[PDB]
Amino acid sequence: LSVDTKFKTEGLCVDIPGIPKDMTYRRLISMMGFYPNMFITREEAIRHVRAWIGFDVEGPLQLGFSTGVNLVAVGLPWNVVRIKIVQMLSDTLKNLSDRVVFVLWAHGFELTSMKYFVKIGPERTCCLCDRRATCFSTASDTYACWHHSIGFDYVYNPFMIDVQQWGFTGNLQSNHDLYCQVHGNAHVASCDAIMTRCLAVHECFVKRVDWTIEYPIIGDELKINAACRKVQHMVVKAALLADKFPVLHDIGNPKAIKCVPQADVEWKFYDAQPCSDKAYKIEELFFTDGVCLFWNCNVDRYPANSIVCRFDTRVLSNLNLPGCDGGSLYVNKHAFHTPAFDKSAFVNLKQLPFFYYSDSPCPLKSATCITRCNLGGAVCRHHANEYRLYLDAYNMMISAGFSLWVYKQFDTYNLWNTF
Ligand SMILES: CC(C)c1csc(CNC(=O)c2cc[nH]n2)n1
Ligand SMILES: [Zn+2]
Ligand SMILES: [Zn+2]
Ligand SMILES: [Zn+2]
């Protein structure tokens, strides 16, 4: 993003009466009192969604962030207020991103307030590790990343993007409320910071969707994905054996493969891309014969003859960022904005109970280890390994936020007779 690019300044002219209409980033960064550019492109901002922090200042000044926090600088002086800012950003971001990106609906005070807690300079490395530096300390003249900035007092080489440069009509609230009933406006700065990030997420991940953008590994992404594949195979295989459906309607990703390739059933696929905005309406999508597989295909009310994996947007993890209108932004290799978890979607179904099933040839005691050996008295070591490993994946998947649901007649008692 060129510093000589033009910045629309009408949103600033109430806090800053008389501001030039003709303004570049180079002049604005100078006017703000100051790594080619503090400001970044929409594309760069999308690539670093994990770093977004909504930021609003309202005027003695009230700083509010999309973490829900409101600080008053004068009410306490800036020299302590900037300590809090580094601490809050480091604890929010250290497990999410190598930077911060302040998302703004800029009117003026937020930009003029930056010089009181931001230092910039050449790109630097953490004094105590190899990550890029995000903080500076004036007491030691040293730099640190988000993990090692305890005590540091300045944010260093932050990034930022002004949503009001994207060509909106009207003010923040009226634009946010068009898409979002979850965030109100209590007339506190942090409410504006939250609405600003909500709108930005709506524009970049709900209205728009770029599934080519890859995102770095920051946790159990790979173990979770592998667990999900394992559980899916297990659960669909068992449902076909227990109830012997003649046909399975696999509704969802257009690049899906048979997850139980050796099953005897007629496998029919139906293409439906991950819905980002509102959950699909089962009436438009449509199935009464056999069983329907909705593996991460969020609909408003599943049919009764379904197997269902549905991500729960409320889960607290580093992979799941707060989203728009109650949805959440699940970033695991790719970004998937997900509509809000709604329990009523599952009224025709029941929670799927845990169970491990195997027909593979052959100290654990478990009613849920469905195998020949356990049928005959005592679980062999192999199936005791496989069982304890499957339990681990299952628990990983659940804890990652996924939830499983099945037709009410599903009964693991029916699997014992396949031995
Ligand atoms: C006590 C300090 C000095 C202070 C400054 S502004 C404020 C209240 N904030 C708002 O009215 C507001 C407007 C938009 N979003 N929030 N309190
Ligand atoms: Zn470090
Ligand atoms: Zn919102
Ligand atoms: Zn066995």
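Here, residue 1 is the first one in the sequence, and each next residue gets the next number. No hydrogens, no waters, no symmetry mates; every other heavy atom, side chains included, goes into these values. Order of listing sets the numbers, starting from 1, for every ligand and every atom in it.
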Aromatic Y156 / basic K119 pairing, under 6.0 angstrom, 45° off normal: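 Because its charged atom misses either the 6.0 Å distance or the 45° angle limit, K119 does not stack over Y156.
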
Within 45° cone and under 6.0 Å: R310 NZ/CZ vs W405 ring: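 Relative to the ring axis of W405, which defines the angle, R310 lies outside at least one limit.
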
Over 12 foreign heavy atoms within 6.0 Å of CD, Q351: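 Count not over threshold, so no.
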
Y215, OH: over 12 other non-hydrogen atoms inside 6.0 angstrom: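 Above 12, so yes.
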
Environment of the Zn ion (ligand 2) in terms of protein N/O/S atoms, cut-off under 2.8 Å: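 The answer, once waters are left aside, is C126 SG, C129 SG, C145 SG, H148 ND1.
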
Aromatic ring proximity, centroids under 6.0 angstrom, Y357 and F419: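 Yes, the ring of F419 comes within the 6.0 Å limit of the ring of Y357, centre to centre.
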
Apex the Zn ion (ligand 3) - arms NE2 from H176 and SG from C198 - angle rounded to 10°: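 Rounding to the nearest 10 degrees gives 110°.
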
Minimum-distance atom from the Zn ion (ligand 4) among N, O or S atoms of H383: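 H383's closest N, O or S atom to the Zn ion (ligand 4) is named ND1.
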
Closest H183 atom to the Zn ion (ligand 3) [N, O or S only]: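 Answer by atom name: ND1.
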
Pair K84 + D153, salt bridge at N-O below 4.0 Å: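 Here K84 does not pair with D153 in a salt bridge, since their nearest N and O are not under 4.0 Å apart.
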
Aromatic plane relationship, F117 with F55 - under 30° parallel, 30 to 60° tilted, over 60° perpendicular: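 Correct class here is perpendicular.
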
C180 near the Zn ion (ligand 3) via N/O/S, less than 2.8 Å: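 True for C180.
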
N, O or S of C373 under 2.8 Å from the Zn ion (ligand 4):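 Yes, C373 qualifies, because one of its backbone or side-chain N, O or S atoms lies under 2.8 Å.
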
Name of the residue among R99, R131, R132 meeting salt bridge (charged side-chain N to carboxylate O under 4.0 Å, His left out) with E123: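 By the salt bridge (charged side-chain N to carboxylate O under 4.0 Å, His left out) criterion, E123 pairs with just one of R99, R131, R132: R132.
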
